[PDB]
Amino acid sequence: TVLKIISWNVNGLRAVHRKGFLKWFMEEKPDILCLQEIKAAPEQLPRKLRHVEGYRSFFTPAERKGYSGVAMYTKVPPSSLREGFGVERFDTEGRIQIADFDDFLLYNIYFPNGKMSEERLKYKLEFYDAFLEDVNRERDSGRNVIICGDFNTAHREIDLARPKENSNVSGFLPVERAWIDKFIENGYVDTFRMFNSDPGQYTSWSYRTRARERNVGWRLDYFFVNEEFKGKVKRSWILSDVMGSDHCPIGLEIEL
């Protein structure tokens, strides 16, 4: 039995709903759909967006209205979900949803954008630190883990169109790239790069005219698994053709 998981930063759930979300969801038919940037309390959602036939949905909004938020649609519900690392400043921004599926924990994370200020870059880097502590604790306790979402950092030069121009911009700073190195070194695998070693493979493009059309993008969205679990991963790909956000979805197929 194969399990298909999709991750997608939708840049506002109500917005992507106007741009073909439900039609796409019905075509792709994943077992689990992880979303970032819902920008809505579930009460603000139309019924047909809240309840999609065949799926249980779980929403983790931020405390701040119209900001951040993650969600998960799943055919089979998890035994429970955890919505934080146990650190207040990281747990109130609707960034963390960790679903316990028994065979694995699924971390659906919307990692912070560090571009707007030094304080928010510090927040991003400390969030990275808290995340690594959390996943390591779970992995060390014997859990297999799948981590998906918007990491807001491109790992290597291959992972964005303009590496030189962005080496002093959050998203491609040496310190952020070093954190991704450290994460992987701790025993996790960037699943896309198990299967695809090509350039030009991005998950995000500015809305600035022509950016997406010129493939001036960044790979910001990833599926990671712990090393012990990588043998179960069959596919990891980018759904580059799917419109409606400044990010496109990414996919993982596993067989347990």
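Numbering starts at 1 and follows the sequence shown.
Relative to its counterpart among 234-242 and 12-20, 12-20 has the higher mean temperature factor, C-alpha atoms as listed in the PDB entry.
Per-stretch averaging of Cα B factors for 195-203 and 60-68 places 60-68 on top. Residue set 83, 118, 150, 100: peak C-alpha B-factor at 118 (per PDB entry).
Comparing C-alpha B-factors across 220, 33, 45, 216 in the deposited entry, the largest value falls on 45. Placement of the Cα temperature factor of residue 224 within the chain: lowest third of the modelled residues, per the deposited record. When the modelled residues of the chain are ordered by their C-alpha B factor, residue 104 lands in the highest third. The PDB entry assigns residue 165 a C-alpha temperature factor belonging to the highest third of its chain's modelled residues. Per-chain ranking of the deposited C-alpha B factor places residue 156 in the lowest third.
For residue 127, the recorded CA temperature factor ranks within the middle third of the chain's modelled residues.
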